[PDB]
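Notes follow once the structure below has been shown.
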Amino acid sequence: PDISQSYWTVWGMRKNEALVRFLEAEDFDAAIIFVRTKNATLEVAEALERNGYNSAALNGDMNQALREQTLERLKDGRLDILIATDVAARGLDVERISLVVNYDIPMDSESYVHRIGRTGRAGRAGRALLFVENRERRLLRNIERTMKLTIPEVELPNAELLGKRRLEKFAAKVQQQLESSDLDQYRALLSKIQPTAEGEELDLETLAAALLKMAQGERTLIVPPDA
Amino acid sequence: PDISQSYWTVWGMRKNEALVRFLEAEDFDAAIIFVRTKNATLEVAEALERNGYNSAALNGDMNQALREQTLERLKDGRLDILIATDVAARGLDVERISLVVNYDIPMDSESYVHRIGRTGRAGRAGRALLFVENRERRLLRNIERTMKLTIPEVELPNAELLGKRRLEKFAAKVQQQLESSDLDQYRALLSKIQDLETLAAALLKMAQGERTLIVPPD
């Protein structure tokens, strides 16, 4: 019945890059990204795709066949993220949605409320994240009195946070590999991998660091220092 | 032009898994796989691709621009394997083909010669490999007779040889990462995961990719 709401002040990076950071930064089942216009839905969708998420745009004038296809692909898990306008998302009950992103802050403050109500609609608790430009403080205040709540401000998730999130999911794949049965056959190959021709010392720790680098996913475990 | 020729009696595994085995076992640049049915043109295709190769069909029903685009993708390296029928391959020429596989035995000697000729061009060294089912040995003997020459029989590349190949390629990738600049940053992350040897073995399993280094027998 409850939605946890926060907002970020657009400061350090553009909205696209921040969205990817916020998505990676904490767990979500499915998410809906609300934007001002159809053109925005396409720019978001392409940023999310060149960052490794399965997402699609819902638009008010889209083919009704594609709408039904897109909505069920979200239900069965071929999609995790929809990018929608207020027009397109009316009539949308999808229980996977655990995260609502107000990518563009609305002027109508009850558009805000109807937007974050696409989650927490179950007995489950969901989350809502609002992007606010400094130019837009007035509409945040509008929202924050239209409902008597103050929306707490979050910071942009930092490199160290993202590295820890990546390490923790990587460690979970490591753990399912240790439960393997053939693990001992792999132990015997460790000595066989190593270059002994120019300067030899079977240095297990240096080998394992090379193997970690080769085993890490596309999301590098060494996140560049900033932000 | 030579062009060493050999043939495999189809035995103990199906032609598709066997082709994957022969492809891994020896270096090739680009390869062309000759089949008879243009369904096989398409099915061998994504047998090769689910084993990680870049391959495309080349059949009589996909023309004439899509042909010549497919060949240029083969020639510039965006593809490494064409699966062709004889019709769709009257016009040659790619100069990357070092391997011709007669996946389906030709119906006559002249066809076999034609197919072989796609390699060994510009006088460079090339290889031809023929698949012969038991029931087709007449066809093979027909080809051998007409041609005045026998084709050497070869064994399936065995599991140990495959393990050796996969290990060799992997250890050369490992060496590269052992000389990379940022390695100490990764060194510090080992303690944070949850003994070294056990962790490294599991990392090896995750780093090796799809070509598993532990090859089961056969």
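Here's how to read the names in the structure tokens: chain A, B, ... by the order shown, residue numbers from 1 in each chain, ligand numbers from 1 in the order shown.
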
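Residues surrounding stretch 68-73 of chain B within 8 Å are residues 56, 58, 78, 79 and 94 of chain B [only C-alpha atoms; sequence separation below 5 positions excluded].
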
Using only C-alpha atoms, find each residue in chain B having at least one atom no more than 7 Å away from chain A; report its shortest atom-to-atom pair and that distance in Å (one decimal), rows by chain then rising number, as a Markdown table.
| residue | atom | partner | partner_atom | distance |
| --- | --- | --- | --- | --- |
| B:171 | CA | A:193 | CA | 5.0 |
| B:174 | CA | A:210 | CA | 6.7 |
| B:175 | CA | A:195 | CA | 6.7 |
| B:177 | CA | A:210 | CA | 5.4 |
| B:178 | CA | A:210 | CA | 5.6 |
| B:183 | CA | A:209 | CA | 6.5 |
| B:186 | CA | A:209 | CA | 5.3 |
| B:187 | CA | A:209 | CA | 4.9 |
| B:193 | CA | A:171 | CA | 5.3 |
| B:194 | CA | A:171 | CA | 6.4 |
| B:196 | CA | A:205 | CA | 6.9 |
| B:197 | CA | A:187 | CA | 6.8 |
| B:200 | CA | A:208 | CA | 5.0 |
| B:201 | CA | A:187 | CA | 5.1 |
| B:202 | CA | A:177 | CA | 5.8 |
| B:203 | CA | A:211 | CA | 5.7 |
| B:204 | CA | A:211 | CA | 6.0 |
| B:206 | CA | A:215 | CA | 5.2 |
| B:207 | CA | A:215 | CA | 4.1 |

Would you please give, as an mmCIF file with N, CA, C and O atoms, in the first residue's frame, all residues of stretch 2-197 of chain B that DSSP assigns to strand (DSSP E) based on the backbone?
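Writing done, so here's part_5.cif:
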data_model
loop_
_atom_site.group_PDB
_atom_site.id
_atom_site.type_symbol
_atom_site.label_atom_id
_atom_site.label_comp_id
_atom_site.auth_asym_id
_atom_site.auth_seq_id
_atom_site.Cartn_x
_atom_site.Cartn_y
_atom_site.Cartn_z
ATOM 1 N N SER B 4 45.081 -30.262 -49.712
ATOM 2 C CA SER B 4 45.134 -31.621 -49.189
ATOM 3 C C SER B 4 43.714 -32.102 -48.927
ATOM 4 O O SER B 4 42.898 -31.376 -48.357
ATOM 5 N N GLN B 5 43.419 -33.320 -49.343
ATOM 6 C CA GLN B 5 42.061 -33.831 -49.269
ATOM 7 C C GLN B 5 41.986 -34.974 -48.270
ATOM 8 O O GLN B 5 42.932 -35.742 -48.125
ATOM 9 N N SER B 6 40.844 -35.101 -47.601
ATOM 10 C CA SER B 6 40.639 -36.225 -46.698
ATOM 11 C C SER B 6 39.147 -36.410 -46.512
ATOM 12 O O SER B 6 38.335 -35.590 -46.952
ATOM 13 N N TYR B 7 38.792 -37.510 -45.857
ATOM 14 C CA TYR B 7 37.386 -37.809 -45.667
ATOM 15 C C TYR B 7 37.203 -38.511 -44.338
ATOM 16 O O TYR B 7 38.103 -39.193 -43.842
ATOM 17 N N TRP B 8 36.004 -38.359 -43.795
ATOM 18 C CA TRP B 8 35.620 -38.929 -42.515
ATOM 19 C C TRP B 8 34.408 -39.818 -42.756
ATOM 20 O O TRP B 8 33.416 -39.367 -43.342
ATOM 21 N N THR B 9 34.491 -41.077 -42.320
ATOM 22 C CA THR B 9 33.332 -41.964 -42.311
ATOM 23 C C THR B 9 32.415 -41.545 -41.169
ATOM 24 O O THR B 9 32.842 -41.492 -40.009
ATOM 25 N N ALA B 30 38.677 -18.619 -43.620
ATOM 26 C CA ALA B 30 37.260 -18.800 -43.920
ATOM 27 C C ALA B 30 37.013 -20.208 -44.468
ATOM 28 O O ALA B 30 37.899 -20.823 -45.068
ATOM 29 N N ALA B 31 35.789 -20.703 -44.277
ATOM 30 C CA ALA B 31 35.397 -22.042 -44.710
ATOM 31 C C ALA B 31 34.087 -21.987 -45.473
ATOM 32 O O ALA B 31 33.203 -21.185 -45.156
ATOM 33 N N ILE B 32 33.950 -22.863 -46.468
ATOM 34 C CA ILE B 32 32.673 -23.068 -47.138
ATOM 35 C C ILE B 32 32.241 -24.519 -46.948
ATOM 36 O O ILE B 32 33.038 -25.453 -47.122
ATOM 37 N N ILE B 33 30.979 -24.694 -46.570
ATOM 38 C CA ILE B 33 30.378 -25.988 -46.289
ATOM 39 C C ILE B 33 29.387 -26.283 -47.418
ATOM 40 O O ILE B 33 28.393 -25.568 -47.577
ATOM 41 N N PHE B 34 29.637 -27.310 -48.221
ATOM 42 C CA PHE B 34 28.703 -27.645 -49.296
ATOM 43 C C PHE B 34 27.685 -28.674 -48.821
ATOM 44 O O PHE B 34 28.052 -29.728 -48.292
ATOM 45 N N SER B 55 28.258 -17.286 -39.566
ATOM 46 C CA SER B 55 27.983 -18.080 -40.743
ATOM 47 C C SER B 55 26.655 -17.649 -41.337
ATOM 48 O O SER B 55 25.783 -17.117 -40.645
ATOM 49 N N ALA B 56 26.512 -17.900 -42.632
ATOM 50 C CA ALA B 56 25.302 -17.530 -43.332
ATOM 51 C C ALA B 56 25.057 -18.534 -44.438
ATOM 52 O O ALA B 56 25.993 -19.083 -45.026
ATOM 53 N N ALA B 57 23.781 -18.730 -44.724
ATOM 54 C CA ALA B 57 23.360 -19.579 -45.813
ATOM 55 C C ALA B 57 23.608 -18.898 -47.154
ATOM 56 O O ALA B 57 23.676 -17.673 -47.267
ATOM 57 N N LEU B 58 23.744 -19.721 -48.183
ATOM 58 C CA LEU B 58 23.920 -19.224 -49.545
ATOM 59 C C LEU B 58 23.219 -20.229 -50.462
ATOM 60 O O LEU B 58 23.819 -21.210 -50.907
ATOM 61 N N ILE B 81 32.098 -18.389 -42.348
ATOM 62 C CA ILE B 81 31.664 -19.671 -42.904
ATOM 63 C C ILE B 81 30.433 -19.464 -43.762
ATOM 64 O O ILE B 81 29.403 -19.007 -43.263
ATOM 65 N N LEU B 82 30.510 -19.848 -45.025
ATOM 66 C CA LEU B 82 29.325 -19.970 -45.867
ATOM 67 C C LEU B 82 28.899 -21.429 -46.003
ATOM 68 O O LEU B 82 29.741 -22.308 -46.231
ATOM 69 N N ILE B 83 27.595 -21.675 -45.884
ATOM 70 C CA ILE B 83 26.992 -22.983 -46.158
ATOM 71 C C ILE B 83 26.234 -22.866 -47.477
ATOM 72 O O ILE B 83 25.176 -22.222 -47.536
ATOM 73 N N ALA B 84 26.762 -23.489 -48.532
ATOM 74 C CA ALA B 84 26.281 -23.280 -49.890
ATOM 75 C C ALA B 84 25.720 -24.557 -50.504
ATOM 76 O O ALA B 84 26.168 -25.669 -50.191
ATOM 77 N N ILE B 97 38.897 -18.256 -48.246
ATOM 78 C CA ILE B 97 38.525 -19.652 -48.008
ATOM 79 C C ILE B 97 39.739 -20.575 -47.983
ATOM 80 O O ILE B 97 40.340 -20.865 -49.026
ATOM 81 N N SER B 98 40.096 -21.071 -46.792
ATOM 82 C CA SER B 98 41.147 -22.076 -46.673
ATOM 83 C C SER B 98 40.607 -23.484 -46.432
ATOM 84 O O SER B 98 41.388 -24.445 -46.445
ATOM 85 N N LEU B 99 39.298 -23.633 -46.239
ATOM 86 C CA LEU B 99 38.698 -24.914 -45.902
ATOM 87 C C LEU B 99 37.407 -25.090 -46.685
ATOM 88 O O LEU B 99 36.525 -24.232 -46.609
ATOM 89 N N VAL B 100 37.303 -26.201 -47.419
ATOM 90 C CA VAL B 100 36.078 -26.638 -48.091
ATOM 91 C C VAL B 100 35.627 -27.940 -47.444
ATOM 92 O O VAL B 100 36.365 -28.936 -47.452
ATOM 93 N N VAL B 101 34.409 -27.964 -46.914
ATOM 94 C CA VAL B 101 33.860 -29.198 -46.367
ATOM 95 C C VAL B 101 32.747 -29.686 -47.289
ATOM 96 O O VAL B 101 31.753 -28.978 -47.503
ATOM 97 N N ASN B 102 32.920 -30.895 -47.839
ATOM 98 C CA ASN B 102 31.844 -31.594 -48.537
ATOM 99 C C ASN B 102 31.003 -32.315 -47.496
ATOM 100 O O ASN B 102 31.150 -33.505 -47.224
ATOM 101 N N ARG B 127 42.645 -26.754 -47.715
ATOM 102 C CA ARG B 127 42.228 -28.051 -47.197
ATOM 103 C C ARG B 127 40.825 -28.387 -47.683
ATOM 104 O O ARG B 127 39.956 -27.515 -47.707
ATOM 105 N N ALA B 128 40.593 -29.659 -48.025
ATOM 106 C CA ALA B 128 39.247 -30.151 -48.286
ATOM 107 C C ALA B 128 38.958 -31.358 -47.403
ATOM 108 O O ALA B 128 39.803 -32.240 -47.242
ATOM 109 N N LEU B 129 37.744 -31.411 -46.870
ATOM 110 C CA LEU B 129 37.320 -32.484 -45.993
ATOM 111 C C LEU B 129 35.967 -32.996 -46.466
ATOM 112 O O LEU B 129 35.051 -32.194 -46.658
ATOM 113 N N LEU B 130 35.823 -34.319 -46.620
ATOM 114 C CA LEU B 130 34.591 -34.932 -47.127
ATOM 115 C C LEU B 130 33.928 -35.784 -46.045
ATOM 116 O O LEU B 130 34.611 -36.509 -45.321
ATOM 117 N N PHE B 131 32.603 -35.670 -45.898
ATOM 118 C CA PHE B 131 31.820 -36.571 -45.040
ATOM 119 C C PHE B 131 31.202 -37.712 -45.863
ATOM 120 O O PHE B 131 30.501 -37.455 -46.858
ATOM 121 N N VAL B 132 31.418 -38.963 -45.430
ATOM 122 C CA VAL B 132 30.954 -40.153 -46.164
ATOM 123 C C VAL B 132 30.185 -41.060 -45.216
ATOM 124 O O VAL B 132 30.784 -41.695 -44.327
#

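In this comparison, which uses only C-alpha atoms, the residue of A:17, A:27, A:86, A:2 approaching residue A:48 most closely is A:17.
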
For residue A:8, the closest of A:22, A:53, A:28, A:112 counting only C-alpha atoms is A:22
